[PDB]
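Quick setup: one chain, the form deposited in one PDB entry, written in structure tokens, and binding and motion questions come after.
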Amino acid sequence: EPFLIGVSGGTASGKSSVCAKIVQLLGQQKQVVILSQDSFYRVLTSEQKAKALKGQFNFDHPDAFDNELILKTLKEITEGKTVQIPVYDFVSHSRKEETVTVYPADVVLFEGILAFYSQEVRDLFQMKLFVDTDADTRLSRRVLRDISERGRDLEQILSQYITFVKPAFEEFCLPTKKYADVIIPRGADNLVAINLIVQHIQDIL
């Protein structure tokens, strides 16, 4: 009976770090796994991938994610089954053939920028966390990582940000903050907020 925790927030908000911190503090036994929604980006068409290369594709809209595959993988995980998670390559906007196998855990953290958007998926989480971080701090991280880990150009990133990221964060992501059981300002640095969450998780288990 995996205890699923949904974690969301805007891009570069510290969602994954927050999860790492929860995992690390549960250590101080319980099997924990961290899944990323970015792993379920849809398989782009030839025309769509052309747009992406030209920066005309909206990877921040709820439709960009394979919502259907997500609900399925999460549902089986909920059933204690062993699943296969896809691997996405942000450099080419492509789902690799390679899959990653995830075995049953006691706690499963699902983190993403739109993890709470779909109501079917949202109902699977027995706890929902929204990570809040200054938009300017986030942008700065987004710029450095993209240039670094996703081989991209400054101007293109800023342009993508202004055109899609922010307009989408505000329209689809932010409203989901109301569904959270705990909102976390300052992200991983909020050790007080993360310790209460951890304590809560342990009291339930």
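One-based numbering along the sequence shown. In this text, rigid core is short for the largest set of C-alphas that superpose within 1.5 Å between two forms.
Keep in mind that the form deposited in another entry is missing from the display, and what follows is about it.
After superposition on the rigid core, the single residue among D63, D38, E149, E170 whose C-alpha moves by 2 Å or more between this form and the one not shown is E149. Once both forms are fitted on their core, a CA shift of 2 Å or more is seen for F90 between this form and the one not shown. Residue displacement note: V182 has its CA displaced by under 2 Å between this form and the one not shown (rigid core superposed).
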